[PDB]
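**Student:** Using the deposited numbering, the letters of the first sequence correspond one by one to residues 339 to 808, 836 to 882, 892 to 1242.
Supplied in structure tokens, the structure appears directly below.
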Amino acid sequence: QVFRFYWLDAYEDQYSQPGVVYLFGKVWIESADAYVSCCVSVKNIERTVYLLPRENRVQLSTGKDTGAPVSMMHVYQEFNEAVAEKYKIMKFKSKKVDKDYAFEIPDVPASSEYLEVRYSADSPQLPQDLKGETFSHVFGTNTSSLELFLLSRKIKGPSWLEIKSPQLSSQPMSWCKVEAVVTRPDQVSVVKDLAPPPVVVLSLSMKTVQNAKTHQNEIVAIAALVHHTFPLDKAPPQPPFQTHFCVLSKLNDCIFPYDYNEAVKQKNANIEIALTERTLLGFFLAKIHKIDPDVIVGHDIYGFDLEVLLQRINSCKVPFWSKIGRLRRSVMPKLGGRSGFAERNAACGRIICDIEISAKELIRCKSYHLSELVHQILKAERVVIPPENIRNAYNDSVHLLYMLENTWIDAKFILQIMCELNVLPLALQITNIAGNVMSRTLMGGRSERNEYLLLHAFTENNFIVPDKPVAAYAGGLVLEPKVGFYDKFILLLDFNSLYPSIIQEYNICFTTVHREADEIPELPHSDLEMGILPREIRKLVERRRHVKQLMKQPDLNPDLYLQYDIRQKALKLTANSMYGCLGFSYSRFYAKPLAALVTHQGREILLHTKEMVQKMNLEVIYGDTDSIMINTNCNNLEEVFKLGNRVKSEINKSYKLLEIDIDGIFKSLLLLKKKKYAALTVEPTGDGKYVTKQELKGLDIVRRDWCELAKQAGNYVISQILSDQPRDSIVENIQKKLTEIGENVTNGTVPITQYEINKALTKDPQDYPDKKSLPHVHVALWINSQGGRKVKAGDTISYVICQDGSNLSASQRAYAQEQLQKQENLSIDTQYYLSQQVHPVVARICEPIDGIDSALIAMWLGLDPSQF
DNA sequence: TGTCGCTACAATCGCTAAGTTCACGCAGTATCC
Ligand SMILES: Nc1nc2c(ncn2[C@H]2C[C@H](O)[C@@H](COP(=O)(O)OP(=O)(O)OP(=O)(O)O)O2)c(=O)[nH]1
Ligand SMILES: [Mg+2]
């Protein structure tokens, strides 16, 4: 009678169907000897409200205090007489429950007795501020059905579920293969210790041509790759894709090449040629229904792909739109709005993976557009078709097939990127840790993950969580650097998980720090037991430590090493976001006093460590909120390691959980400012042999907002300055290289790509006020003016500042590289680069350097020293 | 419709206020009527 399946996604409609949640997942059907998508509708999820009784009865209007003690019987009688009649509640089940509370609502005791009352989700929802003569507060009034279900059944991310006494649906309600109806939450249970089942992953790339007549993006091809046995707990398979299907349509007025049909037939691929976008969309929807993928992956899927698909479906009136998801509906949610919420609702039941968002979360790159990711991750070169060539493709079979194969290659690259970063396993792990839904986790962001983690933690410990909500404080202390150049051995000491460790050691929790509704609250007493937040953060820290230890294994595959590093960084960021959400104004658990206490303890710890190290007769030259840089004044590495171990042990002796570890040994350092230095990191190889690795932190050479020419010049200068050559030779080489770069720029021998400068966008180009015209924004608008895919918020834009004879400021002459290559009145402003891109960076680098100054750099670059 | 925290640096733009130059008065000498 039981029903075991692996649930992946959950969907709830607060307005359409009250008290109903649909769970989508995989179920093993023995006859087919494979998993089939199944949907389970958990109905009758009653809403629970906790009422806080008063100590004594109070008159409602007079605001008096009669003095009659208020018991649970009196509370129930009042709710049955006044409130039940007032708000038209017919049936409700009432019981007395002893629950805890420690959050930001005044006059609520830590532990007290409440009258839990439930009733159907069809009944009206009580107001959040409801009060009465016998009760002073009502909680959980705005509790969503999904949250109630997840917290009641203790479901934490994807996992196997067992359903008792399943029912059959009267009529089909989902596009899946198996359906089942659960009459109550209590009939659903969780079964642990079972491997996740392989899922279907569909990677799709589409090419569109915009109609300037209506500024509508019309789809002309969809190249899609599918793998039916993609694992969620193992390494990506090779080859990453099993089979594929291609669909290619024509425009409204253009026609196919002469012998397109014969060439397509000879190609032997699964090419299905749809005459019109309507037939193409119908075929795509039928294919999606047949495959029924569980994880649809793409690039800009949430921003461009799904939005265009749904808009064209609506325009062409493709009958069964709801097949894009897994539920059966008739009315499409209104498009637009912020975020991909419309897209997510449209694709309900399918986990949408946007490798753009995932790449932004996982790695750091100068640009996040597909070509840059392909070059950086896969180390391949991507051929880009200009939109004019896409329009002109309808003139020969060869070019049309080239366009289709380019779409196919883009889809393959998207799948390869998804597999390389290991996005799906990491999403599963983080979802299990947090306990939210996987689609939200893959949508990005840290607030929901930590919020659901703390929801699960507090709920399981008999606590009433706060109702969902419908530089504030000081931070870390940065030591004043001893700016200069150091040629001896510098020993770096860095704390491990400093803020998690502070939370653990000092027992900082909602139930331990007695706040008061900007003074740092008192530390908790050492008598109290460990709180919920220390326990959760300790679990996170232990998981990260386990991953790091697993990384230390010798002879590891470099790809597996990078995957482990990414996972460790993700866990570190998860813990740091758990800390940060305490100081998030819109968070469910906004506890600014707790964050202030944590930061104050961090500052105190750093100050104490600095004082201890200085009291040890050692030199301290830098430190950023958890770290210290020490000038050993030694040239032997063994003594450096010995002293480092001694000082690390001495510092660790004063703490119970906080530990200090030797971060690295720098043979040479260039301390310029706060958060700006370059060093030759030393990694010992053995038998007294060590390898020197360069390391730049915060310099302009490691920033995407500078031209690659300036970055190259600064890198060469830093390499020379950090070398062991005599100073005179270093200065001579710097002069020679600067003269060479000046000659190259003056003679136009530099490659054009070295002039690009990248600046990201915060809002849409339209939403930027008319604050003159910020360079990138300027170019951004041009890109939107031109006939190409628009540029939205959070998109990098590479522009080249060029001469136009305008006698205007540089910031108002920013242009795209294609603009320069096209227009005959635009030329690269050589003087601008030589004076404001190369000179500033090298001058900043060489500030503490003897023999080099701004005037000398200008002279070597061929500029006029006068102004400098 | 959501949206982790804070600290630091750097370029750009607007504002604006001190600093500067250029021009108006007085005194003297001189030339030229
Ligand atoms: N909220 C938040 N806090 C951060 C972030 N990055 C760093 N911090 C805080 C918490 C860290 O413990 C502290 C020191 O930074 P670290 O990069 O050395 O990380 P941490 O010491 O926690 O761990 P680790 O040294 O990598 O083992 O600064 C962040 O992105 N968000
Ligand atoms: Mg650290």
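All C-beta atoms, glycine included, are put in the ideal place defined by N, C-alpha and C.
1. Verify whether the separation of the beta carbon atoms of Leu618 and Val585 is less than 8 Å.
2. Please state the DSSP three-state secondary structure of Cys376.
3. Grab the span of the beta strand (DSSP E) containing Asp1035 for me, first residue to last.
4. At 4 residues or longer, and completely inside the stretch 408-494: list those alpha helix (DSSP H) runs for me, N to C.
5. Measure the beta-carbon distance from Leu623 to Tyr349 and round it to whole angstroms, keeping in mind my assumption that it falls under 8 Å.
6. Rounded C-beta distance between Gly357 and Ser503? I'm assuming under 8 Å.
7. Measure the Cβ-Cβ separation of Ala772 and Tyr790 and say whether it is below 8 Å.
8. Answer yes or no: do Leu1045 and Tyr996 have a C-beta to C-beta separation smaller than 8 Å?
9. Please indicate yes or no: does the CB of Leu863 lie closer than 7 Å to some heavy atom of ligand 2?
10. Flag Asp1000 as yes when its Cβ comes closer than 7 Å to any non-hydrogen atom of ligand 3, and as no otherwise.
11. For ligand 2, is there any heavy atom lying closer than 7 Å to the beta carbon of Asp939?
12. Answer yes or no: do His582 and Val564 have a C-beta to C-beta separation smaller than 8 Å?
13. Identify whether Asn549 lies in helix, strand or coil by the three-state DSSP scheme.
14. Using a Cβ-Cβ cutoff of less than 6 Å, which residues in the same chain neighbour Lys431 once the five nearest sequence positions on both sides are dropped?
15. Please go through the stretch 606-643 and give each complete beta strand (DSSP E) segment of 3 or more residues, from N-terminal end onward.
16. For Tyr1173, tell me which candidate among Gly1179, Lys1166, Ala1184 and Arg1163 has the shortest Cα-Cα distance.
17. Under three-state DSSP, which class holds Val656?
18. Looking only at its chain, what residues have a beta carbon closer than 6 Å to the beta carbon of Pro895, apart from the 5 residues adjacent to it on each side?
19. When you compare each of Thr948, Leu1031, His627 and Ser449 to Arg787 by their alpha carbons, which one comes out closest?
20. Identify which residue in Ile1157, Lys1133 and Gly1161 has its Cα closest to the Cα of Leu1148.
21. Kindly indicate which three-state DSSP category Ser1228 falls into: helix, strand or coil?
22. Can you list, in chain order, the residues of its chain with a C-beta nearer than 6 Å to that of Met925? Leave out the 5 residues immediately preceding and following it.
23. Enumerate in chain order the residues of its own chain whose CB-to-CB distance from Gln1211 is below 6 Å, with the five nearest sequence positions on each side excluded.
24. Residue range of the beta strand (DSSP E) that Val516 falls in?
25. Does the Cβ of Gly478 lie closer than 7 Å to at least one heavy atom of ligand 1?
26. What's the gap between the Cα of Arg784 and the Cα of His899?
27. Use the C-beta contact count for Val378: other C-beta atoms within 10 angstroms, 16 or more gives buried, fewer gives exposed.
28. For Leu842, does the three-state DSSP call read helix, strand or coil?
29. Would you identify the three-state DSSP class for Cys757, choosing helix, strand or coil?
30. Need the endpoints of the alpha helix (DSSP H) that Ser951 sits in, please.
31. For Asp929 and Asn590, I'd like the C-alpha separation in whole angstroms.
32. Below 8 Å between beta carbons: does that hold for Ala765 and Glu910?
33. Once you ignore the five residues that flank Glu798 on each side, which residues in its own chain have a CB closer than 8 Å to its CB?
34. Within the same chain, show all residues whose beta-carbon is closer than 6 Å to that of residue 812, passing over the 5 residues directly before and after it, in chain order.
35. Looking at the strands, I want to know which residues DSSP matches up with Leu665.
36. Taking the alpha-carbon positions, what's the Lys946 to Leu863 distance?
**Tutor:** In short, the structure shows the following:
1. yes
2. strand
3. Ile1034 to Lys1047
4. 410-416, 422-425 and 483-490
5. The Cβ separation is near 19 Å, so there is no contact.
6. Going by Cβ atoms, the distance from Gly357 to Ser503 rounds to 19 Å, so no, they are not a contact pair.
7. yes
8. yes
9. yes
10. With respect to small molecules bound, the structure shown includes ligand 1 and ligand 2 and not ligand 3.
11. no
12. yes
13. strand
14. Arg456
15. 609-612 and 633-636
16. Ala1184
17. coil
18. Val878, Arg880, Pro967 and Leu971
19. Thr948
20. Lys1133
21. helix
22. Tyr938
23. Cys1081 and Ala1084
24. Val516 to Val520
25. no
26. 31 Å
27. buried
28. coil
29. helix
30. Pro932 to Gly954
31. 58 Å
32. no
33. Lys492
34. In the model shown, the chain runs from 808 to 836 with nothing in between, leaving residue 812 without coordinates.
35. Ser512
36. 11 Å
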